[PDB]
Amino acid sequence: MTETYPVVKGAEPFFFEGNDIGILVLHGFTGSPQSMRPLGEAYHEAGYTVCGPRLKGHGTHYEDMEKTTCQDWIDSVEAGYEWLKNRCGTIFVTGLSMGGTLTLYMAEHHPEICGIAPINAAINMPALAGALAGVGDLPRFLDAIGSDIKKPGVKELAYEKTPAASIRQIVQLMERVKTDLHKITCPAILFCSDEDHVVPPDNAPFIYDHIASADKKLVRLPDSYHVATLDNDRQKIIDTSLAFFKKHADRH
């Protein structure tokens, strides 16, 4: 596909020059880099080189999104990875929701990745998969309202509709990332909201159980809902991820 709409203000990808340690920061499904930008600025302020990419058909119009595949989303992630690889010998990947899924995908295909930090990563979503047995009975565009965030008054740049055709794209990505988890050896910290109205809570331990990593931990986000990067536990995510980055950078 090709995007007919322009990037919405605030949805731009961020590229931060820094030292030889890079961080790849990924947003989720119908989202944009706006939800990841606070993490990205924080990691940049710590001296790190940072890339938050814009996934294709994201941050423009959901009509654009409708035409994208999950391979398009991977391409967008891989392009950001490659940008980092030209500037950095050490690269970590972190992402929210489907960005966490893509974070796991990257660890599944690129052994040189030093560590990962998915946030509320989705590998199993019965509701969506259920909607697929249907899908001819679904509206072309589902109303997607609003963002799942506990902290009141918070606004996320994300689409107000989900294309029904994008559902099979995210399901196909989750299925593929699910079966491939055993391939992951790198250090992993899995952030999981206590209450998440979007991704089932059993996703986090499931991921924990099927990756082959020797150094792995689940980290609870007790005051936050699904979009945790804009939520109460935002700082906890940042501080924990910085400590994680430093720790493994020091040990290589």
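When we count neighbours, we look across all protein chains shown, and the Cβ atoms used for this are built from the backbone with ideal geometry, even at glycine. FYI, it's all coordinate maths here, none of it is from the lab.
Taking the stretch 114-128 only, how many residues are over 16 Å from the mean Cα position of the chain (by Cα) and surrounded by 15 or more Cβ atoms within 10 Å (Cβ to Cβ)? If you could, list the steps in order and put the result at the bottom.
Step one: filter the stretch 114-128 for residues over 16 Å from the mean Cα position of the chain (by Cα), giving 114, 126-128.
Adding the requirement that they be surrounded by 15 or more Cβ atoms within 10 Å (Cβ to Cβ) leaves 114, 128.
Qualifying residue count, the stretch 114-128: 2.
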>> So in the stretch 19-78, with the set limited to residues that are more than 15 Å from the chain's Cα centre (by Cα) and hydroxyl-bearing (S, T, Y), which one is farthest from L173 (Cα to Cα)?
In response: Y48
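Could you list, in sequence order, the residues of the stretch 29-51 that are assigned to a loop (DSSP other than H, G, I, E, B) and surrounded by fewer than 23 Cβ atoms within 10 Å (Cβ to Cβ)?
Here is the first cut: in the stretch 29-51, the residues assigned to a loop (DSSP other than H, G, I, E, B) are 29-32, 36, 46-48.
Passing the criteria: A46, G47.
Looking at this structure, is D143 under 26 Å from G59 (Cα atoms), surrounded by fewer than 16 Cβ atoms within 10 Å (Cβ to Cβ) and of a type in the set (D, E)?
On the way: under 26 Å from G59 (Cα atoms): yes; surrounded by fewer than 16 Cβ atoms within 10 Å (Cβ to Cβ): yes; of a type in the set (D, E): yes.
It is true that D143 is under 26 Å from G59 (Cα atoms), surrounded by fewer than 16 Cβ atoms within 10 Å (Cβ to Cβ) and of a type in the set (D, E).
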> For residues in the stretch 3-18 being free of Cβ contacts under 8 Å to residues at least 60 places away in the same chain and out of contact with any helix residue (DSSP H, G or I) (no Cβ under 8 Å at 6 or more places or on another chain), which is surrounded by the fewest Cβ atoms within 10 Å (Cβ to Cβ)?
Replying inline: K9
> Restricting the first residue to the stretch 126-137 and requiring it to be among the charged types (D, E, K, R), which pairs with a second residue that is exposed (fewer than 10 other Cβ atoms within 10 Å of the Cβ) and not in a helix (DSSP H, G or I) meet a Cβ separation below 6 Å and a spacing of at least six or different chains?
Replying inline: none
> Inside the stretch 149-199, can you point out the residues that are without any contact (Cβ under 8 Å) to a residue 60 or more places away in the chain, in contact with a strand residue (DSSP E or B) (Cβ under 8 Å, 6 or more places away or on another chain) and outside any loop (DSSP other than H, G, I, E, B)?
Replying inline: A164
